[PDB]
Structures are given as structure tokens and as C-alpha cells.
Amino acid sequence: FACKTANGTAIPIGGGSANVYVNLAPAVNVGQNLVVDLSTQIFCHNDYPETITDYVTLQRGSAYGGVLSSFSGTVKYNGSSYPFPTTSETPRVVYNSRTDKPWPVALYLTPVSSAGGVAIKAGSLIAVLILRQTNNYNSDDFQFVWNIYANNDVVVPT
């Protein structure tokens, strides 16, 4: 089991870390949702699917910077919604093919009532998402750590 970003940065068997650099919608009002669909950015596959089945969760999702200070969040994992920053590990998704498949994570972020000006700065860390991979074969329990960066400023008009 291994993963890569859309730009080709890999995290190999056994886990590790990578940075994800994403363009964000440039403006969001109070009462609107800013969505970041990381299923377009992070892909994984099972290396031996006719022998082993891989199980994959969002173990934890943490917010940083302007997301932490100025937004209320949910994360959708495999179509189901949970608080973000997270308060539990999600259910699992099965990876059963050598063909890369998206990691089905999207952030839904809405400004807090006192948010204003530039709320997320260009280049800043917005989230750390931990993908946890286990299987039906042995005791493997590996963390794939995705450090999510905003490419651009996001403004919240008042």
C-alpha cells in the first residue's frame, strides 16, 4: 500500500509524510462554505490486492493558522460528515486494487461570525490529515501524514 499527491509526491510502503499545495477559492462570506476536496489531491493503491485487503481511515484531522482561528469546519470522509478538527477516527474505506483511487476526504469550512480581511494567508499550513492504513493480513498499522498548504490568500468580506 502506497500513496501519492496529484503532483506525483509519493509516500511509500510503511508510511511517512508529504506536503499538499492547493489553490483555495479566494473569497468566502459568513454563511457560505469554503470547500477543499482533497480526493483530487491524494491517491492510494493496494500493492497485492489478490492476497491482502487494505483498510484506510482518516485517523485525525487538525486545523492550523487561519482555518483554526477563523473557520468552523466539518470533514466528509467517504461521503459522511464529521467534526473538523476531528474528535474521533473515521470508519474505514477498502483499497482492493493496484489502480490508484482517491482518498475520499473533503473539508467544509465556514467563517466564524467575527472573521474578516485576509483569513487564510498564502503559503500557510491549513491542516494536517493523518491517513491510517491497516490490512486483513498482519499487524501493519501505518501513518501517511498529509500537510495541507494554501497556495493563495482567502478573504472573508464583512
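One rule holds for the numbers: they count along the sequence shown, beginning at 1.
Got a sec? Mean C-alpha B-factor, which is higher, 64 to 72 or 32 to 40? Higher mean C-alpha B-factor in the PDB entry: 64 to 72.
Averaged over C-alpha atoms, is the B-factor higher for 148 to 156 or for 3 to 11 in this PDB entry? Between 148 to 156 and 3 to 11, it is 3 to 11.
Whose C-alpha has the highest temperature factor in the PDB entry: 106, 115, 131, 126? It is 115.
Where the record places residue 92 (Cα B-factor, split into thirds across the chain): Middle third - that is where residue 92 ends up once the chain's C-alpha B-factors are sorted.
Select lowest, middle or highest to describe the third in which the CA B-factor of residue 84 falls within its chain in this entry. It belongs to the middle third of the chain when residues are ordered by C-alpha B-factor.
Based on the entry's values, in what third of the chain does the Cα temperature factor of residue 139 lie: lowest, middle or highest? Highest third, going by the recorded CA B-factors of the chain.
Residue 54 CA temperature factor, ranked by third within the chain: Middle third - that is where residue 54 ends up once the chain's C-alpha B-factors are sorted.
Ranking the modelled residues of this chain by C-alpha B-factor as given in the entry, is residue 110 in the lowest, middle or highest third? Ranked within chain, residue 110 CA B lands in the middle tercile.
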